[PDB]
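Asker: Handing over model_8.txt, compact mmCIF, C-alpha atoms.
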# COMPACT_ATOMS: atom_id res chain seq x y z
CA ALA A 69 214.36 29.08 76.28
CA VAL A 70 213.37 25.42 76.60
CA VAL A 71 214.65 24.06 79.93
CA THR A 72 214.09 20.41 80.90
CA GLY A 73 215.28 18.68 84.10
CA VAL A 74 214.81 15.00 85.04
CA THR A 75 216.02 13.43 88.28
CA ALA A 76 215.25 9.73 88.83
CA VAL A 77 215.95 6.71 91.00
CA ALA B 69 216.90 7.51 99.13
CA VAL B 70 217.24 11.30 99.07
CA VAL B 71 216.24 12.61 95.62
CA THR B 72 216.41 16.34 94.82
CA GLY B 73 215.56 18.00 91.48
CA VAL B 74 215.82 21.72 90.62
CA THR B 75 214.90 23.23 87.26
CA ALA B 76 215.24 27.02 86.90
CA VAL B 77 215.20 29.90 84.44
CA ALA C 69 212.54 8.38 100.93
CA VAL C 70 212.87 12.16 100.88
CA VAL C 71 211.88 13.47 97.43
CA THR C 72 212.05 17.20 96.63
CA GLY C 73 211.20 18.87 93.28
CA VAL C 74 211.46 22.58 92.43
CA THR C 75 210.54 24.10 89.07
CA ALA C 76 210.88 27.88 88.70
CA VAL C 77 210.84 30.77 86.25
CA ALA D 69 210.00 29.95 78.09
CA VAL D 70 209.01 26.29 78.41
CA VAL D 71 210.29 24.93 81.74
CA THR D 72 209.73 21.27 82.70
CA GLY D 73 210.92 19.54 85.91
CA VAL D 74 210.45 15.87 86.85
CA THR D 75 211.66 14.30 90.09
CA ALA D 76 210.88 10.60 90.64
CA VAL D 77 211.59 7.58 92.81
CA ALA E 69 208.18 9.24 102.74
CA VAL E 70 208.51 13.03 102.68
CA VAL E 71 207.52 14.34 99.24
CA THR E 72 207.69 18.07 98.44
CA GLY E 73 206.84 19.73 95.09
CA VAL E 74 207.10 23.45 94.24
CA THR E 75 206.18 24.96 90.87
CA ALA E 76 206.52 28.75 90.51
CA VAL E 77 206.48 31.64 88.06
CA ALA F 69 205.64 30.81 79.89
CA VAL F 70 204.65 27.16 80.22
CA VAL F 71 205.93 25.79 83.55
CA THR F 72 205.37 22.14 84.51
CA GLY F 73 206.56 20.41 87.72
CA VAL F 74 206.09 16.73 88.66
CA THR F 75 207.30 15.16 91.90
CA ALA F 76 206.52 11.46 92.44
CA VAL F 77 207.23 8.44 94.62
CA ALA G 69 203.82 10.11 104.55
CA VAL G 70 204.15 13.90 104.49
CA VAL G 71 203.16 15.21 101.05
CA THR G 72 203.33 18.93 100.25
CA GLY G 73 202.48 20.60 96.90
CA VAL G 74 202.74 24.31 96.05
CA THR G 75 201.82 25.83 92.68
CA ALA G 76 202.16 29.62 92.32
CA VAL G 77 202.12 32.50 89.87
CA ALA H 69 201.28 31.68 81.70
CA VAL H 70 200.29 28.02 82.03
CA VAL H 71 201.57 26.66 85.36
CA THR H 72 201.01 23.01 86.32
CA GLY H 73 202.20 21.28 89.53
CA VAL H 74 201.73 17.60 90.46
CA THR H 75 202.94 16.03 93.71
CA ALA H 76 202.16 12.33 94.25
CA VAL H 77 202.87 9.31 96.43
CA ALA I 69 199.46 10.98 106.36
CA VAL I 70 199.79 14.76 106.30
CA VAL I 71 198.79 16.07 102.85
CA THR I 72 198.97 19.80 102.05
CA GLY I 73 198.12 21.46 98.71
CA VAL I 74 198.38 25.18 97.85
CA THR I 75 197.46 26.69 94.49
CA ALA I 76 197.80 30.48 94.13
CA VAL I 77 197.76 33.37 91.67
CA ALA J 69 196.92 32.55 83.51
CA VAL J 70 195.93 28.89 83.83
CA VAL J 71 197.21 27.52 87.16
CA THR J 72 196.65 23.87 88.13
CA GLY J 73 197.84 22.14 91.33
CA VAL J 74 197.37 18.47 92.27
CA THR J 75 198.58 16.89 95.51
CA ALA J 76 197.80 13.19 96.06
CA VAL J 77 198.51 10.18 98.23
Please, can you express the file's structure as structure tokens?

Answerer:
Amino acid sequence: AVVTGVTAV
Amino acid sequence: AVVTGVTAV
Amino acid sequence: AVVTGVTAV
Amino acid sequence: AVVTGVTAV
Amino acid sequence: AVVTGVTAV
Amino acid sequence: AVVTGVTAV
Amino acid sequence: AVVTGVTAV
Amino acid sequence: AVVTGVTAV
Amino acid sequence: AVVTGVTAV
Amino acid sequence: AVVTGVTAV
């Protein structure tokens, strides 16, 4: 699995 | 700002 | 700012 | 598994 | 600022 | 596993 | 600032 | 496993 | 500033 | 295992 999470302000 | 990031496998 | 990052396997 | 988490302000 | 980072396997 | 976590302000 | 980093296997 | 955690202000 | 870093295997 | 933790202000 390739799992990528980005959270930005 | 409240910024919350969760990345899980 | 409250900034919280969690990365888990 | 490749797991990548980014949390930014 | 309160900045909290957790990286776990 | 390759696990990478970045938390930034 | 309160800055907290945890990296674990 | 390669586990990398970065927490920055 | 309160700065706390934990790296564990 | 290669485990790398960086906490910075």

Asker: If we count only C-alpha atoms and set the cut-off at 8 Å, which residues sit around residue 74 of chain G, ignoring sequence neighbours fewer than 5 positions away in its own chain? Please answer as a ChimeraX atom specification.

Answerer: /E:73-75 /H:73 /I:73-75 /J:73

Asker: At what distance in Å, to one decimal, does atom CA of residue 69 of chain E lie from atom CA of residue 71 of chain F?

Answerer: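 Interatomic distance, atom CA of residue 71 of chain F to atom CA of residue 69 of chain E: 25.4 Å.
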
Asker: Separation of atom CA of residue 72 of chain J and atom CA of residue 70 of chain B, in Å?

Answerer: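 One can read the atom CA of residue 72 of chain J to atom CA of residue 70 of chain B distance as 26.5 Å.
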
Asker: Have a look at atom CA of residue 77 of chain D and atom CA of residue 76 of chain B and let me know their distance in Å, one decimal.

Answerer: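 Atom-to-atom, atom CA of residue 77 of chain D and atom CA of residue 76 of chain B are spaced 20.6 Å apart.
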
Asker: Adding 3 Å on each side of the box along x, y and z that holds all listed atoms of segment 69-75 of chain B, could you give its centre and edge lengths in Å to one decimal, as lines of an AutoDock Vina configuration file?

Answerer:
center_x = 216.1
center_y = 15.4
center_z = 93.2
size_x = 8.3
size_y = 21.7
size_z = 17.9
